[PDB]
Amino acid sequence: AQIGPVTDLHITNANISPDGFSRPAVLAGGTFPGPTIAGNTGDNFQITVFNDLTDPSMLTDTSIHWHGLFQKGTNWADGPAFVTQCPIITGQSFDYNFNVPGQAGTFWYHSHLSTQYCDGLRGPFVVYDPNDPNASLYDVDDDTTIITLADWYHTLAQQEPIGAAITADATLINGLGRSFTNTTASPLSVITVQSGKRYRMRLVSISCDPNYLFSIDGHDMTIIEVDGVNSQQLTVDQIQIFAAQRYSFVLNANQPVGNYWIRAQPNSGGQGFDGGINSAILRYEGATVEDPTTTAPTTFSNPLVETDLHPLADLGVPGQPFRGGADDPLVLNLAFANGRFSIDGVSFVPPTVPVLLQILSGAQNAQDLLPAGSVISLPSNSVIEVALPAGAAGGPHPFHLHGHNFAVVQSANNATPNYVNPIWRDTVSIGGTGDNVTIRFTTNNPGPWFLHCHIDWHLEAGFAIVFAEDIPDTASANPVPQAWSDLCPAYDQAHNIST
């Protein structure tokens, strides 16, 4: 069952064995992935998060981010630790009380403390549209049509060396999959369809690192949503999905009744499908209960290319149709050396006082804010352009902006910008050496918004900056509840920190 929009959510430690290997984890709702949180567009969500964690090897503090939800007027509820809040301590709870006006689509929730979401705190978050403009394109859209893709590690996250190339031990599809080494024939996930029906498959990358080449043998996939943004219909036979991205696609159950492999090939870790790694099963009602015998093609003839995507609505692009054609045109210098990432020469290390609390306490320019050099102010009601030229080791880096979605004016592997009709999204691969992936948005959401690589090991190694959007209006725009004001005193007391 789905939970929400008003619900408790307990965060616990437990042993799990999603690939046959037992390890302890950090779980929401007792499962991996966590339960789907759901509601309708414009609903009030009140997710009361109970921190019941006791195992220090995965951190006993926590904080949860609602990925892709704008949090307008509720920056305090966004979740990134030491940007919008201090962590919730064990034995305490906290009500994330916000609204989702003007958004409907496929989202997710995850820990936003250190690398803790890798240890298991990740689940789907769906905002349905009762008047969805795509409703007539499918028959079925429910918890059974959500498909999660996850990396899974046998080593606990707090034992992963900072700045290292960290590699997973299994791909999990809907929480199940097989280990790349010492492979055992542990259970695979089954997605069940009825011959002749059409399904809104909500594909969610809950990855901490790898991108996946996702396909379904015998089937193609008609994309209708990208990171919450409705798209024109685009039919593909393979989707390369980067960490934290989401797609809805229509699956037409139009092949013979049977069993078909579902494939998710990561860019690192185990390559291929031997022993049923990187796999799940599409089963038609009436098929024999047995593994598929289908194969993949040698090459995919209609892969997703990001410049093929276009919004369903006439979203356009803000600003002027050339590079630098914005009120505030930025170019970030994105680098890596010696185990640490940097943006504009500064490696991100979380501050002791969350950025939002520094601003509410009166710090009002970005040079007054800590960490020094990690906070860039943005002017209000202005068109922002951010060029993100690639080259830093560990690519391709999927960059994500909190508080906003953005027009993808230039995509990976294509030097031509699009000022007319590019897709809008919230997480974008910045590509490879010599690329110049560039995003645009308008500043109508006061508050400090994190910008970072969504490979969680890279964020931990410093690949982030904070956009302090409209510092002067942050306090009036974001009134804070007493429980939020109580978080830093409690956290600092529990940890013997002075502030």
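Each form is matched to the other, and the largest set of C-alpha atoms that superpose within 1.5 Å is called the rigid core. All residue numbers are counted from 1 along the displayed sequence.
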Between stretches 215-223 and 160-168, more displaced by Cα RMS in 9 other deposited structures of this protein (rigid core superposition): 160-168
Between 235-243 and 249-257 (mean CA B-factor, as deposited), the higher: 249-257
Can you let me know which of the two, 287-295 or 273-281, has the higher average C-alpha B-factor in the entry? 287-295
Quick one: which of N75, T148, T427, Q367 shows the highest Cα temperature factor in the PDB entry? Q367
Residue of maximum C-alpha B factor among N97, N211, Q410, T167, per deposited coordinates: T167
Based on the entry's values, in what third of the chain does the Cα temperature factor of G432 lie: lowest, middle or highest? highest
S63: CA B-factor among chain residues, third -> lowest
Going by the entry, which third of its chain does the Cα temperature factor of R263 land in? lowest
Split the chain's modelled residues into thirds by Cα B-factor; is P472 in the lowest, middle or highest one? middle
Could you look up the Cα B-factor of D143 in the entry and say which third of the chain it sits in: lowest, middle or highest? highest
